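First the proteins, then the strands, lettered A, B, ... as listed; each starts at 1. Reckoned from all heavy atoms, side chains included, excluding hydrogens, waters and symmetry mates.
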Amino acid sequence: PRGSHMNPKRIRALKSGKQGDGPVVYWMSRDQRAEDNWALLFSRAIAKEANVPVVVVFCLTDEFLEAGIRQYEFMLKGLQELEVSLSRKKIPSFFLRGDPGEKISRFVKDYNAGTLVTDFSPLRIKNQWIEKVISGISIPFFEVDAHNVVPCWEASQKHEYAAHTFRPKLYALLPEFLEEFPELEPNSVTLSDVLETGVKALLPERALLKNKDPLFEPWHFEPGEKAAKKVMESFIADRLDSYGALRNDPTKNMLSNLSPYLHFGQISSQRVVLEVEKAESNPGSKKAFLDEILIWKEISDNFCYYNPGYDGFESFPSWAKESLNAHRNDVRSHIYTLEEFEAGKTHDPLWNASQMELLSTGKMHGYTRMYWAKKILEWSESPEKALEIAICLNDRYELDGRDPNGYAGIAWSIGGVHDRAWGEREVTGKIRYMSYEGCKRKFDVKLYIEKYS
DNA sequence: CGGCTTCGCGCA
DNA sequence: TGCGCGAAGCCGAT
Ligand SMILES: Cc1cc2nc3c(=O)[nH]c(=O)nc-3n(C[C@H](O)[C@H](O)[C@H](O)COP(=O)(O)OP(=O)(O)OC[C@H]3O[C@@H](n4cnc5c(N)ncnc54)[C@H](O)[C@@H]3O)c2cc1C
């Protein structure tokens, strides 16, 4: 519907109805940014065709209490910045509190909205909210993929077994869907209290040391749309060249460090891709980084979109389910409870340091996250309980948590999703093994351990 | 049947 | 350090 720099395959109809006479509403959830946002861009273009203004609505659920302050403050601080950015474009933004199923339905009826638009998330709860909203409105309802370069439903119509089968499908579609963004045209027809409330409720559950001092260090990542672009620029200028060689060395700060911003949608992944492609850097680094942000990120969306049990044992490939089941009665060399993992009270100082990097920074290094989750399986009572422990700690403490990438990455580590079978072992069966000595031969483990006590 | 993210391991 | 191989199962291939 309408457009010049607008591929209509990025948009799909969720509900048919008679377009009302009122404003077009972008229900923003996953992509909390004003620039490089196809969902906001398509809402703007729709509003222009109907000769009405575009508005933005955001509903804050009670689901923040299940995580921590660190995610709550990162999102809210960024949202305070976004509120101003939209204001400059004469686009009003309304922030609701409660269940989106009821509030968004009510918001469209009370403000006489003409069209409703939302962005795309493959997670179960978003689909739940959408179905409730559909049953509570009569205006058309659209969905736009503003998070993936190639729309999730276009890249593939099925669960992809591996990156080597998904890669050619995804990259074949890049010349069509990888394109520059148009400017957001302003409207022509023209929070801080929520933040103090949520913190007061989340203070009793704060991660604290033995000195009653909080563990989280908030200065490693400034939230917001402007900071995200700043992190992207310094990556291309200072880190991209060495990425290909040092990306898996957790003693070196060579990752992009973009994942917190990407998760809350404060920066567009397509934007990162556009700028990295144009950079003249190590071709091996660019290929490695573009592979991660394109293939692996968007195959995580694919995984959750086509496996609604994406966070459960049932979603593992049959060979992994058969192997792990056979080893359910094997004696584990160690058994730790969730609380003992959470506090870093295992026998393994490398594991403990990884959990400490997570507790202190809210961003565990990408390489050690594999080691971290595989030892949770190795030292747990059962595969299901390891999945519970890993998902729990990931979503509680990772700034980028509660994300398709986390479920796919944990399912890769514990259940062999998007991996293959390896040598038979006790307890972990044919799931890929990673060892302390394997890490010693790859990077300075003692240095990593010492930085994080 | 070729060859698989991120493996360990032997060996330059 | 980097490379090649081993141990495994299966997908798209033919
Ligand atoms: C056990 C486990 C849990 C994970 N949990 C999360 C999570 O909660 N949130 C999250 O965003 N990522 C998660 N990942 C993926 C990966 O570890 C992080 O995306 C990465 O560490 C973020 O740092 P970065 O942006 O510097 O990564 P970079 O090396 O700079 O990569 C750039 C971007 O590529 C994407 N990417 C990189 N590696 C992967 C991967 N394996 N799968 C999917 N996308 C990837 C991410 O969007 C990332 O931000 C998890 C991986 C594992 C093994």
How many whole angstroms separate atom CG of A:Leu290 from atom P of B:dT5? 17 Å
Sort out the partner of C:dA8 for me: Watson-Crick or G-U wobble, both distances under 3.5 Å, none otherwise. none
Can a salt bridge be assigned to the pair A:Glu426 and A:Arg332 using a cut-off of 4.0 Å between side-chain N and carboxylate O? no
Is it true that A:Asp119 and A:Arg30 have a side-chain N and a carboxylate O under 4.0 angstrom from each other? no
Separation of A:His418 atom NE2 from B:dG3 atom P, in whole Å? 22 Å
Based on the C1'-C2'-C3'-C4' dihedral, does C:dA8 have a north or a south sugar? north
Tabulate atom names and distances for all N/O pairs under 3.5 angstrom spanning the protein and nucleotides 8-10 of chain C.
{"unit_1": "C:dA8", "atom_1": "OP1", "unit_2": "A:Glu424", "atom_2": "N", "d": "3.1"}
{"unit_1": "C:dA8", "atom_1": "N3", "unit_2": "A:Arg420", "atom_2": "NH1", "d": "3.3"}
{"unit_1": "C:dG9", "atom_1": "OP1", "unit_2": "A:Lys430", "atom_2": "NZ", "d": "2.6"}

Stacked cation flag A:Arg70 on A:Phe221, 6.0 angstrom / 45 deg: no
Under 4.0 Å between a side-chain nitrogen and a carboxylate oxygen: does that hold for A:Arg12 and A:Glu143? yes
Between B:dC4 atom P and A:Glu160 atom CD, what is the distance in whole Å? 16 Å
Step-by-step side-chain hydrogen bond (donor to acceptor under 3.5 Å, both in side chains) determination, A:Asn325 to A:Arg328: CA-CA 5 Å; A:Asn325 281 339; A:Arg328 278 176 185 269; 2.7 Å; yes
Are the charged groups of A:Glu180 and A:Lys278 less than 4.0 angstrom apart, N to O? yes
C:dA13 versus B:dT5 - spacing of their P atoms, nearest Å: 15 Å
How many whole angstroms separate atom CG of A:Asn405 from atom P of B:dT5? 17 Å
d(NZ, A:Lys297; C1', B:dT5) in whole Å: 18 Å
Using the P atom in both, what is the distance from C:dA8 to B:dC1, to the nearest Å? 22 Å
Round to a whole Å and report the spacing from CZ of A:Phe289 to P of B:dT5. 19 Å
Could you check whether the rings of A:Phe120 and A:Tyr305 sit parallel, tilted or perpendicular, using 30° and 60° as the cut-offs? perpendicular
Going by the sign of the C1'-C2'-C3'-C4' torsion, is the sugar of B:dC9 north or south? south
After noting the C-alpha distance and the side-chain angles of A:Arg369 and A:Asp400, does the key distance pass the salt bridge (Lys or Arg N to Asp or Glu O under 4.0 Å) rule? CA-CA 13 Å; A:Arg369 287 171 179 211; A:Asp400 50 42; 2.8 Å; yes
Could you tell me the separation between the CG atom of A:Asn248 and the P atom of B:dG8, rounded to a whole number of Å? 11 Å
If only side-chain N and O atoms of A:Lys442 are considered, is one of them under 4.0 Å from the OP1 or OP2 phosphate oxygen of B:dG8? yes
Considering only side-chain heavy atoms of A:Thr165, which listed nucleotide, C:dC11, B:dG8, B:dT6, is closest? C:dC11
Taking only the P atom of each, what is the distance from B:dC7 to C:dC10 in whole angstrom? 22 Å
Per the atom types in the model, does the base of B:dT6 pair as donor or acceptor with the side chain of A:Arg432 at under 3.5 Å? no
Can you tell me the base-pairing partner of B:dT5? Count Watson-Crick or G-U wobble geometry only, both distances below 3.5 Å, and say none if there is no partner. none
Taking the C1' atom in each of B:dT6 and C:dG12, what is the distance between them to the nearest angstrom? 23 Å
Check the distance between B:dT6's P and A:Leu255's CG and give it to me in whole angstrom. 17 Å
